[PDB]
S.K.: 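Sharing a structure with you now.
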Amino acid sequence: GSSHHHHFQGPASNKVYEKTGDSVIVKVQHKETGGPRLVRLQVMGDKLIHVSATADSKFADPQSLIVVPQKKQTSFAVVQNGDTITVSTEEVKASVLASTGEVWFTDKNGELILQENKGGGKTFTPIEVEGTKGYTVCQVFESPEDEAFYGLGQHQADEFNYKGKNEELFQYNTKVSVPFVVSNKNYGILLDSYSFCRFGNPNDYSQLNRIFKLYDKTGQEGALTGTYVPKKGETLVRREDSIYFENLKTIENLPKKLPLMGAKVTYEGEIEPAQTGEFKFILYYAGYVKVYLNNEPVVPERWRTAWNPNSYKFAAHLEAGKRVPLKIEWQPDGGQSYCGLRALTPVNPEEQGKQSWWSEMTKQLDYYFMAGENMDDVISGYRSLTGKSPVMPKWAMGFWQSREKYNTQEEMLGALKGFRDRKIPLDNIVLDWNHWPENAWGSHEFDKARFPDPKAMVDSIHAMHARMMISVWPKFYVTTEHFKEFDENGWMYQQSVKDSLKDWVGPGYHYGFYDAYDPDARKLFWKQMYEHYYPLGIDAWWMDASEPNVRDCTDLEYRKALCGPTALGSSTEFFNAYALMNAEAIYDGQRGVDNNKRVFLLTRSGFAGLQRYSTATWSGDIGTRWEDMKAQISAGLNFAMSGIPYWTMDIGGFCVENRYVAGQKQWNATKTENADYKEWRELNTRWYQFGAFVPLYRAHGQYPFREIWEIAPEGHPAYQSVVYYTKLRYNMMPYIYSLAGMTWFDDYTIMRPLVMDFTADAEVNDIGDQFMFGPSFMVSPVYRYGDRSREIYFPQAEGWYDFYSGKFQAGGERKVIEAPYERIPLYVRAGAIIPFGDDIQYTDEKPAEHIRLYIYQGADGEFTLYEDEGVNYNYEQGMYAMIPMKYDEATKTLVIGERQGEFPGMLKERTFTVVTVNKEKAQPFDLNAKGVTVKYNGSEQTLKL
Ligand code: NI
């Protein structure tokens, strides 16, 4: 007979399933090769289900690094009905088939939310690394044609809406992976894996010679042609097997006696596929690069510096057996540089549209399903499971000025005094790397020739009502006492030491990175910061290189060798979570010393759960490029949808084109602006406009200097515009800090793609170049040089108002909108209630005694004004105040609600001026606008407008 035919309180091994206190474990009845043997549904909350699966006959159940203990027990029922076993909470029903182990999720009325690949979507393949064992796992779900996906972290290919798309999940300077996706069907999936993972296609890309017949410039099969024109000397022409010069090993395949700086290289020929469909390409690049395929400019010019390269993707339909031309034009722009092109063969759209996860190494499959009423409610599930985001200190919501690098104490203090003397508001100033004696990275001591009195410096920063952040890497020179403390305990990764790697500083120094996965190493790492930096009064920690970035431009295999073994297992298994571990070290470290003082970290990598450690990510060493500016909009919106609500970027870009440096040097010498310097000023103007509406507003990068008065002088349009937006950030502070309060109290998200608030309007699904800043402002950056307008789509809504003029704009249409040099297009949603305060030089310079409450009429609205002490965790004990406000359009009524809570230093009495904007009343933004004066003492008042 068949395989099935042959094989209340009895042992569970006799039963198809076993119910425990919070879960059901089902034994797969029709076992397949590579398939699951056990599938568990564990109830974590009313809307929260933990799915586990394994090929073994028991679960390994390792402790999660990302999921925290939950607050309450959750009631649920289980029903077995033939092959179907269903776990039901008040809000969701999760079902599994005993036959296959396939899972699906419905709402309380049985409406489908998410279904596993029909017949099962889980595959297990054994893997062994360094005597440890686990599985490579695939999990695939069905996905309808109208499903849209957001999240995965922060990637640099300008992709937006991951439906039908691919992404590799590893960590590298500018690329932050978070294994969490949110759907427009109002659920999220969190994959609990720490290894290299993939969303979409589970395979690596292929070199061009593996998937195409190649013909060179003369038509000879078997290669492309490479033509190398050096800056000086004879041109070299050779055949190329493959275009793959992507890491330190493979750049040795470029021509041996041909200097790349100032060279112009052309790769060309024809490619011929053996199957028909959409081929998906990936370009890896540094220097200047363009790509043409079939005579189309598929990659218009991009640039990176020779040493932080990037990836960019494109796709094209190709016909089997037809030759099409391919040309890559490349200016390496350095002695070392990178260029590679790879591709994936076509995947049937029925399969490519599915939601597919691949994970290189875990002990079992673990994922979390979270349902919601809307996308904010999905994010709330993520915050329940991986921890709430604390309210950032209020000062973190102001302007941050940084540099790579302030070289001396005088330089740093001079920059800060420069803001105060010009009445350009600012809260935070940042000291970068190499403030230590050159040969002593990791000593945490200051070079006293350049910083003669570090404590006096921090005291002076504080006396000017500013806050200081300092750079701290996980990197230690081998000669330092601090290195030796880690090393003697086995807590330093050895590969970089064994291989005698030298860094880039001076003559080159030997170094290593500490193992953040070891809990005692974390304590020591914090203790060294506590003994050397904390007594100076430093307020914030810039935790750079937390990928960990042990060695730039190394291949996957060697990156794994460089960052393990770890305390928990191999680096193959524990590959992506370093920044989470490193952030725990500092957050739990500092609250251990002083539990009331707020913590701030800014870190270069990230992972699921990062937000629970009061830690933001910045988007890393990006270029001074319009295309990089555009990519940060989509990167930021995906990062926000990954559950982590504090994020920032280097306004202006980090690595600088040589022509911009030359422009600045010319300005310094002659006060004349060349064409490149004109572009520098416009790039920075537009990028500051954009940055004023991201969660943390921060300028940073390499030379030129980035203080606004260095970019352009007083009176120049660039200076005028940037100062306008820096001031506006502070007039918006009552609104902005209310959003910060909401991150903790309401599990809120600050920088929001349009799909969050306008999910019902599918025209927003692919829009990754506009966004909402809190509930009320729609921001549409200009990201092309010379443009004085741009196309904007206005979501379906009762209406929109131009912020600057108050002029009405209908919802549900796309049009060309004016965007002068000095202005970013900025609209306000009908129903907005927005509190604006007076000019201040820094957060809480003065109490917000007089607030203008702007009411943008035409729809109902709500807003809660949140205030607290700003600098400590007293809000956790109920020391804060909320003033809820509600506006009813039908009766034109505003209620300023009874104040809830109090705290030390709170205004008991204050003033509101209520200002209306409506379709018949185009009121420009104006602090002095005419309105209704309200003297408020905490008691409810009602206004009929
Ligand atoms: Ni020490």
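By convention here, the first residue in the shown sequence is residue 1. The figures that follow rest on heavy atoms only: side chains count, while hydrogens, waters and symmetry mates do not.
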S.K.: Taking only residues two or more places apart in sequence, or in another chain, which ones meet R784 in a side-chain contact (heavy atoms from CB on, under 4.5 Å)?
M.R.: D787
S.K.: Between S311 and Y284, is there a donor-acceptor pair closer than 3.5 Å when you use the side chain of the first and the backbone of the second?
M.R.: no
S.K.: Can you name the residues that form a side-chain contact (heavy atoms from CB on, under 4.5 Å) with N668, not counting sequence neighbours?
M.R.: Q664, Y703
S.K.: So for atom CD, which belongs to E557, do other residues, nucleotides or ligands contribute more than 12 heavy atoms lying within a distance under 6.0 Å?
M.R.: no
S.K.: Please say whether the positively charged group of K630, taken as NZ for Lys or CZ for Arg, lies over the ring of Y783, i.e. under 6.0 angstrom from the six-membered ring centre and within 45 degrees of the axis.
M.R.: yes
S.K.: Could you tell me whether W618 and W542 have their ring centroids closer than 6.0 angstrom?
M.R.: yes
S.K.: Are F196 and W358 an aromatic pair by the rule of ring centers under 6.0 Å?
M.R.: yes
S.K.: Between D621 and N173, is there a side-chain donor-acceptor contact under 3.5 Å, judged purely by atom types and distance?
M.R.: yes
S.K.: Testing the 3.5 Å rule here: is there a donor-acceptor pair between the side chains of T624 and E657?
M.R.: no
S.K.: With sequence neighbours left out, what residues match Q331 under side chain to side chain donor-acceptor pair (under 3.5 Å)?
M.R.: none
S.K.: Given 3.5 Å as the limit, does a donor-acceptor pair link the side chain of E268 with the main chain of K217, or not?
M.R.: no
S.K.: Just checking, any donor-acceptor pair under 3.5 angstrom between side chains of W667 and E710?
M.R.: no
S.K.: May I ask you to check whether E404 and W433 show a side-chain donor-acceptor distance below 3.5 Å?
M.R.: yes
S.K.: Who pairs with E822 by side chain to side chain donor-acceptor pair (under 3.5 Å), at least two apart in sequence or on another chain?
M.R.: none
S.K.: Cation over ring, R823 on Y724, under 6.0 Å and within 45°?
M.R.: yes
S.K.: So, using side chain to side chain donor-acceptor pair (under 3.5 Å) as the criterion, who are the partners of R210 when residues are at least two apart?
M.R.: none
S.K.: Under 6.0 Å from the ring centre and within 45 degrees of the ring axis: does the NZ or CZ of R814 meet both conditions for the six-membered ring of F794?
M.R.: no
S.K.: Report the relative orientation of the aromatic rings in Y697 and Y688; use parallel for angles under 30°, tilted for 30 to 60°, perpendicular for over 60°.
M.R.: perpendicular
S.K.: Considering non-hydrogen atoms only, spot the tightest contact between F654 and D650 and give its length.
M.R.: CB-OD2, 3.2 Å
S.K.: Test the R698-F399 pair against the cation-pi criterion, namely NZ or CZ under 6.0 angstrom from the six-membered ring centroid and within 45° of the ring axis.
M.R.: no
S.K.: Under a 3.5 Å cutoff, is there a donor and acceptor pairing between the side chains of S721 and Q689?
M.R.: yes
S.K.: Mark yes or no for whether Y150, through its side chain, and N765, through its backbone, hold a donor-acceptor pair below 3.5 Å.
M.R.: yes
S.K.: State, without any angle test, whether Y228 and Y267 hold a side-chain donor-acceptor pair at a distance under 3.5 Å.
M.R.: yes
S.K.: Check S177 against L169 and note the closest heavy-atom contact, atom names and distance.
M.R.: OG-CA, 3.3 Å
S.K.: Taking atom NZ as the centre, does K213 end up with more than 12 heavy-atom neighbours from other residues, nucleotides or ligands that are less than 6.0 angstrom away?
M.R.: no
S.K.: Quiz question: by atom type and distance under 3.5 Å, do the side chains of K678 and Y785 form a donor-acceptor pair?
M.R.: yes
S.K.: Report yes or no: does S642 contribute a side-chain atom to a donor-acceptor pair with the main-chain N or O of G153 at less than 3.5 Å?
M.R.: yes
S.K.: Parallel, tilted or perpendicular for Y660 and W680, by the 30°/60° rule?
M.R.: tilted
S.K.: Just by modelled atom types, is the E296 backbone N or O under 3.5 Å from a matching donor or acceptor in the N294 side chain?
M.R.: no
S.K.: Pairing donors with acceptors under 3.5 angstrom, does anything connect the side chains of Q154 and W647?
M.R.: yes
S.K.: Does a donor on one side chain and an acceptor on the other come within less than 3.5 Å for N310 and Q156?
M.R.: no
S.K.: Could you check whether the rings of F777 and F693 sit parallel, tilted or perpendicular, using 30° and 60° as the cut-offs?
M.R.: tilted
S.K.: Identify whether the distance between the nearest side-chain nitrogen and carboxylate oxygen of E168 and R198 falls below 4.0 Å.
M.R.: yes
S.K.: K313: which residues meet the salt bridge (charged side-chain N to carboxylate O under 4.0 Å, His left out) condition with it, sequence neighbours left out?
M.R.: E159, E167
S.K.: Okay, side chain of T670, backbone of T672: is any donor-acceptor separation there less than 3.5 Å?
M.R.: yes
S.K.: Answer yes or no on whether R342 is positioned over the face of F281, meaning its NZ or CZ is under 6.0 Å from the six-membered ring centre and within 45° of the axis.
M.R.: no
S.K.: Any side-chain donor paired with an acceptor under 3.5 Å for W303 and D333?
M.R.: yes
